[PDB]
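Asks: Shown below is the structure under consideration.
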Amino acid sequence: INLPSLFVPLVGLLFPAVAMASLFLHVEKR
Amino acid sequence: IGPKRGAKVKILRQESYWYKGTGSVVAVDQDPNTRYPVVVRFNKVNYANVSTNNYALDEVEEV
Amino acid sequence: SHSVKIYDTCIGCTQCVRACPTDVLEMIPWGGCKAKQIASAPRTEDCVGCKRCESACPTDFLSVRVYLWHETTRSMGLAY
Amino acid sequence: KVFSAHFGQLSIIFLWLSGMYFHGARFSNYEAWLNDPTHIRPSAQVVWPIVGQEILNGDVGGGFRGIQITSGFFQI
Amino acid sequence: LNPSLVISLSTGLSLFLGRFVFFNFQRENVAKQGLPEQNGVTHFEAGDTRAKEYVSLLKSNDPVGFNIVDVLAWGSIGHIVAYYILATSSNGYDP
Amino acid sequence: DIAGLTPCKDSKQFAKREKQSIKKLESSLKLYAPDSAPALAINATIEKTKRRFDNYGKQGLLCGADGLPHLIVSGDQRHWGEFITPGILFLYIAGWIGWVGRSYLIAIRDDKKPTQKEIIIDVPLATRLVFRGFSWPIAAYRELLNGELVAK
Amino acid sequence: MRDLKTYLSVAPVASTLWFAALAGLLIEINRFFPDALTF
Amino acid sequence: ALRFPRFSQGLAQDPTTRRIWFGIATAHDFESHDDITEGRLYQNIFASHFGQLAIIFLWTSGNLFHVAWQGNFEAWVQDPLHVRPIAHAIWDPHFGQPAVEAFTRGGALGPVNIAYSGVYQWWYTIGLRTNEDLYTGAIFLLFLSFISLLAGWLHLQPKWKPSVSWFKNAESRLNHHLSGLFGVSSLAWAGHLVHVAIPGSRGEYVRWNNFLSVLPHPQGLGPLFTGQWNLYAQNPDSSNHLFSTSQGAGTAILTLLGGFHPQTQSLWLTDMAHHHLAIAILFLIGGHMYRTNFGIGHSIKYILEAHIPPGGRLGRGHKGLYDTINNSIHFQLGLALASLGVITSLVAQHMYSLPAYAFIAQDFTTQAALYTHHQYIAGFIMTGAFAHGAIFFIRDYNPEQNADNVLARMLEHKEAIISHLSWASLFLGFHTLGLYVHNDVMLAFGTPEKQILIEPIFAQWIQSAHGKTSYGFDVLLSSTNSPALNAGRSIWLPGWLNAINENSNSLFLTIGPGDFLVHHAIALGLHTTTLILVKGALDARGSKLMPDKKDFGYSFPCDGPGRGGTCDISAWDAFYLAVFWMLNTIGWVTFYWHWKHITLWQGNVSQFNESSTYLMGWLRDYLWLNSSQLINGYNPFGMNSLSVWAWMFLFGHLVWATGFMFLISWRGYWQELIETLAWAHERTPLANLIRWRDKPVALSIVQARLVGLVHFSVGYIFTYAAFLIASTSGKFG
Ligand code: CLA
Ligand code: CLA
Ligand code: CLA
Ligand code: CLA
Ligand code: CLA
Ligand code: CLA
Ligand SMILES: CC1=C(/C=C/C(C)=C/C=C/C(C)=C/C=C/C=C(C)/C=C/C=C(C)/C=C/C2=C(C)CCCC2(C)C)C(C)(C)CCC1
Ligand SMILES: CC1=C(/C=C/C(C)=C/C=C/C(C)=C/C=C/C=C(C)/C=C/C=C(C)/C=C/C2=C(C)CCCC2(C)C)C(C)(C)CCC1
Ligand SMILES: CC1=C(C/C=C(\C)CCC[C@H](C)CCC[C@H](C)CCCC(C)C)C(=O)c2ccccc2C1=O
């Protein structure tokens with residue numbers, strides 16, 4: 001539990017948010 | 001010039017609905033500036049419900 | 001912009017020009033058919049690609065052909 | 001055209017009702033159903049015996065065998 | 001069965017066959033369908049520098065031109081025929 | 001027997017099935033007076049059930065563990081009634097229909113407006129072609145041998 | 001009358017009569033020789 | 001060429017949301033990027049394969065890692081028939097306490113998922129025993145994942161970019177792939193079976209630290225090099241051998257016994273070692289066929305060119321085909337997908353009937369998932385094989401350089417080909433459906449003895465030729481004095497005849513009328529799916545309705561409402577249509593596999609033999625009967641470990657049904673609707689302040705076909721997998 005409680009929110013909340021924000025700026029750039 | 005009226009010609013234009021079929025010559029335009037002067041009539045319409053088309057002398061063969 | 005092309009089997013009957021909803025096409029003088037005119041496509045940036053023109057065309061194998069291509073706000077028909 | 005077509009439709013409905021009343025008269029357990037409506041199942045269609053299809057003539061009560069109807073004509 | 005005798009007799013005959021009885025035929029056929037080509041041109045001629053035929057190895061002072069590749073090829077068939085005969089005799093199969 | 005089956009005439013599950021079936025109908029039979037129309041009808045089904053089971057037994061049908069007849073279509077001569085024979089009959093009739101159908105399209109193909117006899121049957125013409133079907137194997141083989149059956 | 005005979009020959013009308021006749025024939029063969037699985 | 005789709009300025013300049021969608025969808029179609037060359041095309045593909053290898057290795061590495069870290073492998077290997085194998089731990093903060101309890105299974109200390117992939121049986125059979133064994137395996141695959149990315153990057157650098165001419169050296173790649181990729185790998189795999197896997201099965205522990213000091217066989221390599229090869233088969237494991245113990249353990253390393261290890265119900269390891277050694281020898285010899293740098297070998301082009309029948313019935317035979325194939329990557333991938341699709345089905349058919357992994361035969365849910373997983377993978381792969389045949393015909397086919405050869409002659413008689421597939425599909429559909437409907441009516445009317453129930457005599461005769469005695473046909477290996485029986489009596493036939501006549505395994509199951517009907521259903525599906533696909537490929541270049549179709553490419557929305565209407569006229573649309581038919585077909589085959597096995601496992605094949613001859617039987621006694629535990633995975637009274645599958649089961653129904661929206665409603669309806677939302681957005685205060693950077697537009701015609709197809713396929717698969725797993729695992733067959 002000491003690691004799943006770290007990686008599950010990281011890969012399921014932080015990484016997708018950081019990825020979705022990254023891709024939003026690349027696709028919108030000109 | 002061209003095949004006579006009422007000639008029975010086989011169609012050799014590949015993209016034609018009547019390709020390899022036969023139709024009847026309606027008229028041949030005698031103006032030598034006419035690229036496709038052979039008017040041909042067919043007994044079945046194509047997908048556009050059209051029954052006649054103009055062809056080149058090299059696209060038509062009397063049979 | 002979509003590409004529109006005319007082929008020399010055109011009999012110059014004008015039916016595509018009348019069908020066009022954005023004035024892409026016009027008749028121009030030609031010596032190749034009895035009607036002594038052929039179609040032309042000088043304004044394809046307004047072309048939306050409805051293909052009303054192909055529906056109008058009488059030639060066994062279309063004399064006017066529309067190749068849908070790069071979309072713009074004109075080809076997509078957007079009013080916003 | 002729509003006026004005479006309406007007459008056509010009314011003709012069809014009356015013919016439809018004719019058959020409904022005719023089957024109640026000729027191929028039904030309505031007379032038996034009047035004596036015991038809580039138990040006897042309304043039936044007004046009977047299939048001929050062919051290719052095993054008699055099994056659709058069900059034991060609906062009233063000494064009758066037929067298809068149970070749900071149009072409600074008996075209650076009418 | 002003596003393994004060395006079987007192996008060296010098989011390889012001997014295979015090498016003998018490839019040098020004296022089958023040599024012309026094998027060479028004729030290789031000349032007939034020669035190097036692999038892509039679009040009318042050998043792989044090397046098309047730029048596949050790693051497809052260069054090693055003429056250095058193919059050279060031989062043997063009278064008919066029997067070279068080191070022929071020894072590997074016919075010598076391999078001999079060892080395969082030999083070990084087929086040895087293993088097949090090692091079992092006690094009954095048909 | 002073939003495919004581990006046994007003749008339906010020797011099969012215990014086949015016999016059980018007939019028995020359970022008649023018992024089913026008799027449960028309904030006992031609801032009605034013996035002269036009544038339902039009694040006669042259920043009895044008619046019962047006799048037909050009995051005729052059917054004896055008939056399948058006497059025709060040589062093989063049965064599986066399920067007690068049901070299983071058809072042997074392999075060619076085996078004890079079972080030609082299960083495929084070869086009704087199949088020859090099907091092909092004979094099917095070819096008759098198609099040969100007659102082609103006769104009519106050919107008969108009208110050179111007419112003035114041919115699609116007119118395709119939506120409005122020329123029944124007189126059809127009564128004259130309907131019996132060409134009787135000999136379609138000979139007629140179709142003959143049109144083949146002399147270039148008339150297929151176009152080039 | 002000849003107009004009526006033409007209508008009676010139209011595809012749908014000729015089809016129901018043809019298939020009605022067919023259905024009657026197949027039904028009566030099945031009433032006379034029911035439950036035929038072989039042949 | 002300045003925003004998102006850097007490879008398509010045509011799309012970069014699209015002002016609508018369409019730009020983003022199509023940028024994603026076309027990223028891997030290298031041929032259609034701005035300014036591709038032949039070289040760049042090969043080079044991108046080549047590096048893309050290294051990335052695909054890297055993902056494959058990375059994925060396997062995680063599976064190993066998660067089993068070692070969170071699974072019960074060490075308890076499974078000590079009692080393989082009484083431990084549900086664990087896939088990985090679950091950590092979901094949405095769970096309520098009853099979900100935490102229900103999912104706590106195996107020997108685990110918390111909620112876990114049970115693995116239906118079969119990796120425990122696989123890894124155990126080949127020698128893995130300890131969590132450490134698994135860890136260093138994962139690390140090694142992680143290293144391979146990294147190396148694969150290094151080479152991928154490397155070969156995209158100008159110093160290391162391979163030339164087109166190298167990618168087209170066909171003779172050299174074949175020699176190396178046959179003898180090396182296939183042969184040496186098979187030889188090496190036999191080396192692993194002999195050195196590690198077989199000692200593992202005999203209760204010995206051979207690892208890198210000790211494998212140099214232990215002999216795989218007491219006689220060493222002596223017998224190998226002297227030709228006395230029989231010595232290696234001498235003292236095989238007892239038929240009473242207990243796997244992973246020395247009880248009844250022999251010393252043979254290479255055997256030919258046929259049949260099954262009686263306790264594990266899977267193939268003998270010493271048979272599988274002999275198999276990999278034998279085919280290796282064949283691959284190693286076969287990989288010497290083609291000419292490279294040494295002046296011997298064949299020219300594939302010359303071989304093709306020679307194969308023309310004198311008499312002309314194939315025109316110019318195979319002339320030109322070397323460069324047609326060697327210059328078209330869609331041709332190559334078509335052959336690759338076609339071949340891989342056949343052998344993926346082969347894998348599914350052979351693994352369920354001749355399992356290689358100890359204690360997988362009795363893990364019913366695993367066998368069900370494995371068969372179903374590969375038959376669906378195989379189906380998709382087969383549709384791709386024809387889709388790239390179509391793409392070949394449009395992008396790559398040169399009519400003049402193929403003039404009159406076997407490939408051109410296919411186009412010449414496409415109407416003959418297509419109309420006979422049409423005929424075969426019509427025949428199979430009318431009669432298969434007609435026969436089921438007849439039987440249903442007979443059941444409906446209480447007269448099941450009036451069914452048409454044709455015996456699958458041809459297949460039963462084949463099972464008898466294989467030695468099965470169920471049918472009394474007494475042929476070949478079922479005979480008593482056939483030379484076939486006599487020749488193999490001394491070798492593999494004792495173990496084979498035993499296995500084939502044991503009617504509680506899956507080797508050549510007994511078949512009756514139910515197996516007949518659904519096999520013609522299956523032949524219907526194969527014929528109809530290929531009809532769509534062959535018609536799609538052969539008309540891709542042109543039809544009478546669109547004789548210039550090749551000028552429009554593989555996928556285009558249509559050709560407009562003129563000439564009578566032309567929706568779904570492209571080769572891409574024929575693919576799209578065929579996916580429905582492939583999903584149909586695999587559905588039929590997997591329904592059949594599952595229902596035949598679940599009634600086998602339950603001990604009453606007669607439920608299938610009787611209920612399968614009519615379609616109400618399938619609906620009621622297969623789907624409805626086997627849904628009762630699944631739909632109760634949660635109910636007003638609580639939930640259990642079947643809760644996930646109950647939820648995914650409905651999820652699958654929902655995704656599938658959402659697909660119907662994109663498939664049935666078409667674009668124009670939605671474009672006009674979106675316009676009123678553009679208006680509404682530009683007229684709503686506060687929201688007026690916010691503006692989109694991409695103009696909202698309805699999806700494209702083709703796009704919607706795809707989105708609908710994807711929803712349909714996804715829900716199709718998730719619905720059936722949830723049902724398959726829950727129904728089988730809720731009872732264990
Ligand atoms: C190879 C595929 C793979 C897959 C599908 C999973 C799946 C999972 N892991 Mg796991 N893991 C893997 C490899 C993998 N693992 C490897 C190699 C390691 C060791 C480095 C770990 C170490 C690890 C830990 C420590 C934990 C998980 C956890 C989890 C679970 C939650 C997701 C998460 O936190 O990820 C964690 C992911 C990482 C730590 C990253 C390592 C994986 C590689 C480097 C990234 C893979 C990228 C991916 C394939 C992109 C492909 C798409 C691309 C083409 C665009 C989930 C079941 C958690 C768990 O058990 O939940 C209960 C948890 O606590 N993983
Ligand atoms: C909506 C109206 C309706 C419907 C659906 C039915 C349905 C039925 N009736 Mg019923 N019936 C109706 C009205 C209806 N009836 C009316 C109004 C009467 C009083 C006249 C009857 C009197 C009646 C009797 C006396 C009997 C039935 C029977 C039946 C059953 C079998 C009929 C059968 O196979 O005929 C056989 C099929 C045909 C005759 C069709 C022949 C096919 C031809 C070729 C079609 C001709 C098409 C032509 C172009 C158009 C002709 C139009 C013309 C009338 C001007 C069936 C359930 C039978 C029954 O229940 O037995 C147990 C029965 O004996 N009915
Ligand atoms: C003269 C009638 C006739 C004849 C001889 C054929 C013959 C053929 N058809 Mg065709 N067909 C017909 C009518 C006919 N068809 C009609 C009406 C349709 C529309 C439903 C089709 C639709 C059709 C398809 C979709 C396919 C064929 C195919 C075929 C070939 C293989 C056999 C087959 O599949 O049968 C199939 C037959 C049908 C699907 C339905 C036809 C059955 C009708 C009932 C018969 C015609 C009745 C007609 C009204 C008779 C009136 C005559 C009267 C006035 C005297 C063969 C050339 C197949 C092929 O090309 O294989 C190479 C194929 O794929 N046909
Ligand atoms: C001995 C030399 C050698 C070897 C080992 C390889 C190996 C390979 N090459 Mg090749 N190559 C070679 C020489 C060699 N090459 C030469 C000389 C050239 C130039 C002429 C090339 C040019 C070349 C190109 C251009 C490409 C490759 C590619 C590949 C890879 C194919 C993808 C893959 O993993 O297939 C794995 C295949 C197998 C292991 C064979 C088995 C196949 C069967 C169907 C599966 C059997 C399944 C079996 C039952 C498994 C059991 C189940 C499992 C769970 C245990 C593979 C690594 C491709 C690649 O991916 O690049 C990175 C690629 O694009 N090669
Ligand atoms: C070796 C395997 C292989 C390879 C290398 C290729 C390579 C290619 N194919 Mg091909 N194909 C294959 C297998 C393969 N295919 C198979 C198995 C099929 C059957 C489905 C097809 C069907 C096919 C078609 C129909 C088409 C291609 C196309 C293409 C080209 C570009 C694809 C592209 O940009 O899409 C890139 C795609 C993406 C970046 C994302 C796609 C996402 C997919 C569509 C949905 C995934 C759903 C996913 C499971 C969601 C899960 C949900 C979750 C809750 C579980 C490229 C040349 C296209 C082309 O350009 O040809 C002219 C084209 O139209 N192929
Ligand atoms: C259960 C649904 C269903 C059914 C029955 C069919 C049926 C068929 N499809 Mg289809 N299809 C479906 C779903 C279905 N499809 C879906 C979801 C898609 C994805 C878009 C497609 C896409 C598709 C394509 C692209 C192709 C087919 C083809 C076919 C034909 C296959 C050959 C065959 O079985 O011939 C037998 C015919 C049938 C089984 C049809 C039903 C016959 C009926 C039952 C007979 C009716 C008799 C009765 C007297 C009628 C009374 C009615 C009354 C009102 C008058 C057949 C017409 C192929 C084709 O045309 O091959 C020639 C083909 O190319 N289909
Ligand atoms: C110069 C000269 C001479 C000499 C020569 C010689 C003497 C030769 C020899 C040679 C040899 C002597 C050779 C050899 C070769 C060999 C080889 C080349 C081999 C191969 C092998 C292989 C290939 C194998 C394989 C395998 C394995 C490994 C395992 C098992 C199986 C098998 C078998 C398959 C003389 C006198 C004559 C004359 C004069 C001159
Ligand atoms: C369109 C196109 C294409 C495609 C194609 C395809 C997709 C195909 C498929 C195909 C397939 C998918 C096929 C398959 C086949 C199979 C086979 C051919 C098999 C055979 C078999 C055999 C022969 C066997 C036998 C046997 C037995 C049975 C028993 C044991 C013994 C033996 C082994 C002898 C391509 C790319 C080319 C290109 C061009 C275009
Ligand atoms: C309903 C739908 C509409 C409208 C739906 C469109 C506008 C999609 C809007 C989707 C929004 C943006 C939500 C998307 C949610 C997805 C899960 C996002 C996935 C993102 C991927 C890149 C991973 C049309 O586009 C129409 C076009 C052609 C005929 C059928 C369709 C279809 O019927």
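Note on naming: chains are A, B, ... as they come in the structure tokens, residues start from 1 per chain, ligands start from 1 in the order shown.
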Taking the DSSP secondary structure from the backbone, can you list the residues of range 2-59 of chain E that are strand (DSSP E), as a list in words?
Replies: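 After running DSSP on the backbone, range 2-59 of chain E has strand (DSSP E) at residues 37, 38, 41 and 42 of chain E.
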Asks: How would the residues just chosen look if you wrote them out with N, CA and C atoms as a compact mmCIF listing (two decimals), in the first residue's frame?
Replies:
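Below you can see again-v7.txt, which holds the result:
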# COMPACT_ATOMS: atom_id res chain seq x y z
N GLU E 37 18.32 -9.51 -58.26
CA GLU E 37 18.25 -8.13 -58.74
C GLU E 37 17.04 -7.43 -58.14
N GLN E 38 17.17 -6.14 -57.85
CA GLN E 38 16.01 -5.32 -57.55
C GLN E 38 15.87 -4.29 -58.66
N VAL E 41 18.56 -4.70 -61.44
CA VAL E 41 19.91 -4.34 -61.04
C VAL E 41 20.25 -5.08 -59.76
N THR E 42 21.49 -5.57 -59.66
CA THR E 42 21.86 -6.31 -58.46
C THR E 42 21.77 -5.42 -57.23
Asks: Among chain A, which ones does DSSP assign to alpha helix (DSSP H) (computed from the backbone)? Answer as number ranges by chain.
Replies: A: 4-9, 15-28
Asks: Could the residues in this selection be written to a file with N, CA and C atoms, as a PDB file, in the first residue's frame?
Replies:
ATOM      1  N   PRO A   4       1.533   1.830  -3.950  1.00  0.00           N
ATOM      2  CA  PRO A   4       0.315   2.123  -4.730  1.00  0.00           C
ATOM      3  C   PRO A   4      -0.351   3.437  -4.361  1.00  0.00           C
ATOM      4  N   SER A   5      -0.390   3.791  -3.077  1.00  0.00           N
ATOM      5  CA  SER A   5      -0.958   5.070  -2.668  1.00  0.00           C
ATOM      6  C   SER A   5      -0.182   6.261  -3.215  1.00  0.00           C
ATOM      7  N   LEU A   6       1.024   6.038  -3.747  1.00  0.00           N
ATOM      8  CA  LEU A   6       1.847   7.044  -4.412  1.00  0.00           C
ATOM      9  C   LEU A   6       1.708   7.018  -5.937  1.00  0.00           C
ATOM     10  N   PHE A   7       1.803   5.842  -6.564  1.00  0.00           N
ATOM     11  CA  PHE A   7       1.825   5.776  -8.024  1.00  0.00           C
ATOM     12  C   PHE A   7       0.435   5.819  -8.647  1.00  0.00           C
ATOM     13  N   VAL A   8      -0.577   5.241  -7.999  1.00  0.00           N
ATOM     14  CA  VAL A   8      -1.931   5.262  -8.563  1.00  0.00           C
ATOM     15  C   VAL A   8      -2.453   6.696  -8.729  1.00  0.00           C
ATOM     16  N   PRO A   9      -2.313   7.594  -7.745  1.00  0.00           N
ATOM     17  CA  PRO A   9      -2.726   8.985  -8.003  1.00  0.00           C
ATOM     18  C   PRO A   9      -1.783   9.715  -8.937  1.00  0.00           C
ATOM     19  N   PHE A  15       0.047  12.741 -13.941  1.00  0.00           N
ATOM     20  CA  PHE A  15       0.504  12.505 -15.309  1.00  0.00           C
ATOM     21  C   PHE A  15      -0.547  12.824 -16.364  1.00  0.00           C
ATOM     22  N   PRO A  16      -1.798  12.344 -16.280  1.00  0.00           N
ATOM     23  CA  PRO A  16      -2.764  12.738 -17.318  1.00  0.00           C
ATOM     24  C   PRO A  16      -3.016  14.232 -17.351  1.00  0.00           C
ATOM     25  N   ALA A  17      -3.041  14.888 -16.189  1.00  0.00           N
ATOM     26  CA  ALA A  17      -3.223  16.334 -16.182  1.00  0.00           C
ATOM     27  C   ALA A  17      -2.031  17.032 -16.814  1.00  0.00           C
ATOM     28  N   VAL A  18      -0.817  16.609 -16.458  1.00  0.00           N
ATOM     29  CA  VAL A  18       0.381  17.181 -17.063  1.00  0.00           C
ATOM     30  C   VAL A  18       0.444  16.850 -18.546  1.00  0.00           C
ATOM     31  N   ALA A  19       0.041  15.637 -18.926  1.00  0.00           N
ATOM     32  CA  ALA A  19       0.029  15.289 -20.343  1.00  0.00           C
ATOM     33  C   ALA A  19      -1.035  16.079 -21.093  1.00  0.00           C
ATOM     34  N   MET A  20      -2.271  16.092 -20.580  1.00  0.00           N
ATOM     35  CA  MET A  20      -3.331  16.839 -21.251  1.00  0.00           C
ATOM     36  C   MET A  20      -3.004  18.325 -21.354  1.00  0.00           C
ATOM     37  N   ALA A  21      -2.319  18.883 -20.355  1.00  0.00           N
ATOM     38  CA  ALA A  21      -1.953  20.292 -20.435  1.00  0.00           C
ATOM     39  C   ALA A  21      -0.835  20.509 -21.453  1.00  0.00           C
ATOM     40  N   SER A  22       0.154  19.604 -21.473  1.00  0.00           N
ATOM     41  CA  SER A  22       1.240  19.671 -22.450  1.00  0.00           C
ATOM     42  C   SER A  22       0.714  19.598 -23.879  1.00  0.00           C
ATOM     43  N   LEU A  23      -0.124  18.598 -24.168  1.00  0.00           N
ATOM     44  CA  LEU A  23      -0.626  18.412 -25.524  1.00  0.00           C
ATOM     45  C   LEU A  23      -1.556  19.541 -25.937  1.00  0.00           C
ATOM     46  N   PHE A  24      -2.316  20.098 -24.986  1.00  0.00           N
ATOM     47  CA  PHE A  24      -3.166  21.248 -25.287  1.00  0.00           C
ATOM     48  C   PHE A  24      -2.358  22.442 -25.780  1.00  0.00           C
ATOM     49  N   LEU A  25      -1.140  22.628 -25.267  1.00  0.00           N
ATOM     50  CA  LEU A  25      -0.333  23.771 -25.681  1.00  0.00           C
ATOM     51  C   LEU A  25       0.400  23.513 -26.993  1.00  0.00           C
ATOM     52  N   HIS A  26       0.795  22.265 -27.260  1.00  0.00           N
ATOM     53  CA  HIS A  26       1.446  21.955 -28.530  1.00  0.00           C
ATOM     54  C   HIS A  26       0.452  22.012 -29.691  1.00  0.00           C
ATOM     55  N   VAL A  27      -0.749  21.461 -29.498  1.00  0.00           N
ATOM     56  CA  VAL A  27      -1.746  21.432 -30.564  1.00  0.00           C
ATOM     57  C   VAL A  27      -2.297  22.833 -30.845  1.00  0.00           C
ATOM     58  N   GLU A  28      -2.327  23.704 -29.835  1.00  0.00           N
ATOM     59  CA  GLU A  28      -2.840  25.056 -30.015  1.00  0.00           C
ATOM     60  C   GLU A  28      -1.782  26.053 -30.490  1.00  0.00           C
TER      61      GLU A  28
END
Asks: Can you list, as a CSV table (one decimal) with N, CA, C and O atoms, in the first residue's frame, every protein, DNA or RNA residue that comes within 9 Å of residue 27 in chain D when you count only C-alpha atoms, leaving out same-chain residues fewer than 4 positions away?
Replies:
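Saved result, part-v6.csv, follows:
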chain,number,residue,atom,x,y,z
D,22,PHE,N,-67.3,-11.4,-36.5
D,22,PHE,CA,-67.5,-12.7,-37.1
D,22,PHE,C,-66.8,-13.8,-36.3
D,22,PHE,O,-67.3,-14.9,-36.1
D,23,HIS,N,-65.5,-13.6,-35.9
D,23,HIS,CA,-64.8,-14.6,-35.2
D,23,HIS,C,-65.3,-14.8,-33.8
D,23,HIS,O,-65.3,-15.9,-33.3
D,43,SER,N,-60.8,-16.3,-26.2
D,43,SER,CA,-60.2,-16.8,-27.4
D,43,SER,C,-61.1,-16.6,-28.6
D,43,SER,O,-62.3,-16.9,-28.4
D,44,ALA,N,-60.6,-16.1,-29.7
D,44,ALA,CA,-61.4,-15.9,-30.9
D,44,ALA,C,-60.7,-16.2,-32.2
D,44,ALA,O,-61.0,-15.6,-33.2
D,45,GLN,N,-59.7,-17.1,-32.1
D,45,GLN,CA,-59.0,-17.6,-33.3
D,45,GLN,C,-58.6,-19.0,-33.1
D,45,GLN,O,-58.1,-19.4,-32.1
D,46,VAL,N,-58.8,-19.8,-34.2
D,46,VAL,CA,-58.5,-21.2,-34.1
D,46,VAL,C,-57.7,-21.6,-35.4
D,46,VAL,O,-58.1,-21.4,-36.5
D,66,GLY,N,-58.2,-22.6,-28.7
D,66,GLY,CA,-57.8,-21.5,-29.6
D,66,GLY,C,-56.7,-20.6,-29.0
D,66,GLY,O,-56.1,-20.9,-27.9
Asks: Separation of atom 8 (C, counted along the ligand's line) of ligand 9 and CA of residue 10 in chain A, in Å?
Replies: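 Pair atom 8 (C, counted along the ligand's line) of ligand 9 / CA of residue 10 in chain A returns 28.5 Å.
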Asks: As a ChimeraX atom specification, please: every protein or nucleic acid residue near ligand 8 (cut-off 7 Å, counting only C-alpha atoms and all ligand atoms).
Replies: /H:331-335,338-339,342,382,385-386,388-390,392-393,534,537
Asks: Write out as a PyMOL selection string each polymer residue whose atoms come within 7 Å of range 19-31 of chain C, counting only C-alpha atoms; drop sequence neighbours fewer than 2 positions from it.
Replies: (chain B and resi 33) or (chain C and resi 14-17+33+36-44+46-47+52-53+56)
Asks: Select all residues from chain G having any atom no more than 8 Å from an atom of chain F (counting only C-alpha atoms, ignoring ligands), output as a list in words.
Replies: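 Written out as asked, the residues are residues 6, 7, 9, 10, 11, 14, 35, 37, 38 and 39 of chain G.
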Asks: I need the residues from that last selection saved to file as a compact mmCIF listing (two decimals), in the first residue's frame (with N, CA, C and O atoms), if you can.
Replies:
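Writing the result to part-v3.txt gives the following:
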# COMPACT_ATOMS: atom_id res chain seq x y z
N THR G 6 -54.91 -7.26 -68.35
CA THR G 6 -53.56 -6.72 -68.27
C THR G 6 -53.19 -6.46 -66.81
O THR G 6 -52.11 -6.86 -66.36
N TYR G 7 -54.09 -5.85 -66.05
CA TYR G 7 -53.79 -5.58 -64.64
C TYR G 7 -53.57 -6.87 -63.87
O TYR G 7 -52.61 -6.99 -63.11
N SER G 9 -52.27 -9.37 -64.80
CA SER G 9 -50.95 -9.89 -65.13
C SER G 9 -49.81 -9.09 -64.52
O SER G 9 -48.65 -9.43 -64.75
N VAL G 10 -50.10 -8.01 -63.79
CA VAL G 10 -49.02 -7.18 -63.27
C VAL G 10 -48.28 -7.96 -62.18
O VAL G 10 -48.87 -8.77 -61.46
N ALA G 11 -46.97 -7.72 -62.08
CA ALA G 11 -46.08 -8.48 -61.19
C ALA G 11 -46.69 -8.85 -59.84
O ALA G 11 -46.73 -10.05 -59.52
N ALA G 14 -49.87 -11.26 -60.34
CA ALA G 14 -49.49 -12.58 -60.83
C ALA G 14 -48.70 -13.34 -59.77
O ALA G 14 -48.77 -14.57 -59.70
N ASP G 35 -45.32 -35.08 -42.33
CA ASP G 35 -44.20 -35.51 -41.48
C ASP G 35 -43.10 -36.23 -42.25
O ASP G 35 -42.24 -36.90 -41.66
N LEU G 37 -39.80 -36.69 -43.57
CA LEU G 37 -38.41 -36.31 -43.38
C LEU G 37 -37.48 -36.99 -44.37
O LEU G 37 -36.45 -36.41 -44.75
N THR G 38 -37.79 -38.22 -44.77
CA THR G 38 -37.04 -38.96 -45.76
C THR G 38 -37.80 -38.88 -47.07
O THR G 38 -39.02 -39.02 -47.09
N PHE G 39 -37.08 -38.59 -48.15
CA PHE G 39 -37.63 -38.08 -49.42
C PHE G 39 -38.42 -36.73 -49.27
O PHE G 39 -39.66 -36.65 -49.44
